[PDB]
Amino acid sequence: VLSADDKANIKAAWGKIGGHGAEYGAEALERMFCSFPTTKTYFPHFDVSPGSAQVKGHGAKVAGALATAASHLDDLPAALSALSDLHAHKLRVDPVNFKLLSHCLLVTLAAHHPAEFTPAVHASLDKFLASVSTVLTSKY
């Protein structure tokens, strides 16, 4: 689980994202499909070509869920329950691909905010992404 400084770093790091989160989510997904193309198989109904309108509007969705998670760090299971139904119960996403998207999202963050992506902030966000991943891949 997270520490006080994790929570502080996650919240601090999330503030600096601002309105870029919608785009950082879209880039994270595109990096996940480009590097790990077997994750395309979770989105057969999507146009998953880069620049696709569908991945754009979905990166905004994933973003909004991460900022929600960032402001409810004590109890992720409660605030992501409806999202845990989706990814676990009906979609049944292999936990490995959350690691994949988490890595691509941190690649995105390193690629856009170099002065802010310190080793300490990085470690906290990795743990942040590990906590949300555990919540969503749970309870089938």
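Residue indices: 1-based, along the sequence shown.
> Do the C-alpha atoms of 119-127 or of 9-17 have the higher average B factor in the entry?
Replying inline: Between 119-127 and 9-17, it is 9-17 that shows the higher mean C-alpha B-factor.
>> Going by the mean C-alpha B-factor recorded in the entry, which is higher: 77-85 or 28-36?
In response: Looking at the record's C-alpha B-factors, the answer is 77-85.
>> Quiz for you: based on the deposited Cα B-factor, which of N97, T41, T108, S71 is highest?
In response: Checking the PDB record, the top C-alpha B-factor among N97, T41, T108, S71 is at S71.
>> Looking at the temperature factor on the CA atom of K61, which third of the chain's modelled residues does it land in?
In response: Within its chain, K61 is a highest-third residue by C-alpha B-factor, going by the deposited values.
> Going by the entry, which third of its chain does the Cα temperature factor of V48 land in?
Replying inline: According to the entry, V48 has a C-alpha B-factor in the chain's highest third.
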